[PDB]
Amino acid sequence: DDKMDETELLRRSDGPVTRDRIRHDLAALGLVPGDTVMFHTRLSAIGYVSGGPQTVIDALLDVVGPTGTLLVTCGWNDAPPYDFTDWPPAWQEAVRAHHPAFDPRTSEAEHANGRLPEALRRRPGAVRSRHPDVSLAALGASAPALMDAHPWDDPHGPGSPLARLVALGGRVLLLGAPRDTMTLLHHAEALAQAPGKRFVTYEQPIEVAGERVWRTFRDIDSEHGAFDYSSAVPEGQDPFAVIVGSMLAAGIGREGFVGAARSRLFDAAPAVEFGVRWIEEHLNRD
């Protein structure tokens, strides 16, 4: 029921949530002109947002202003599965012969990231990074250098957009999104040194020189965790949720509300520094 969904969201926020009200709530959280902010969104948690994703994006642009930048994690919803080489031989041949290349302009973001990354990447002037598995998108003053030349291998590591967010003094905003959605902690996993690090190898079709070619990629296991967190994390619990919870308890990050959405704003450099130290201390046992 469409009617119903609207009724519940209106009730949740006690009426429509507007662009200027979101702008006000974001400034109260600590977002300021000139910031670069990567943001994860659970749109319905805000309430009934008058104008949907476009209103959230324009409120964010109002706060950071023309010299600031917004960033999201996109990925590729219709990528071939990592394990597509475990299918009957005629099937995977069909994939290898006919699966289209990743295309930054048209390939849709992963559906699990919700509507906001797919709205951001389609904004006029938005820039989407070239990686077929873990592309980001950005909008604003620093968007070309942040997204430029996404490193094929180790795409969460030293050369990556996430590293550039840290070096810029950027921020991470969870906008109703839960603590485990903080993508930036994959950059922490990529930097962290501890035994038992998990890596993945997969292939995906990309377009280079205007022709479609397959490429093999290496990354940390950003799906099941770059380590076994068995010893440091109660089972049933998500490692990133535990790290961010400890982060917050150590005084890194500010919590508040944007509409009806429980929201958290972090500086990216201390969050990554905390995350790598968390992983190395819990997992090295020296």
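All residue numbers are counted from 1 along the displayed sequence.
Q: Is the mean CA B factor in the deposited entry higher across 208 to 216 or across 136 to 144?
A: The entry gives the higher C-alpha B-factor average to 208 to 216.
Q: Quick check: 224 to 232 versus 255 to 263, which has the larger average CA B-factor in the record?
A: Higher mean C-alpha B-factor in the PDB entry: 224 to 232.
Q: Can you tell me which of 104, 125, 169, 89 has the maximum CA B-factor listed in the PDB entry?
A: Largest recorded C-alpha B-factor: 89.
Q: Determine, from the deposited record, the chain-internal third of the Cα B-factor for residue 237: lowest, middle or highest.
A: Highest third of the chain for residue 237's C-alpha B-factor.
Q: Relative to the other modelled residues in the chain, which third contains the C-alpha temperature factor of residue 14: lowest, middle or highest?
A: For residue 14, whose C-alpha B-factor we compare with every modelled residue in the chain, the answer is the middle third.
Q: Within this chain, which third does the Cα B-factor at residue 67 fall in: lowest, middle or highest?
A: Ranked within chain, residue 67 CA B lands in the middle tercile.
Q: In terms of the chain's CA B-factor thirds, is residue 25 lowest, middle or highest?
A: Bottom third by C-alpha B-factor.
Q: Rank-wise, by C-alpha B-factor, drop residue 183 into the lowest, middle or highest third of its chain.
A: Its C-alpha B-factor, which the entry lists for residue 183, ranks in the middle third among residues of this chain.
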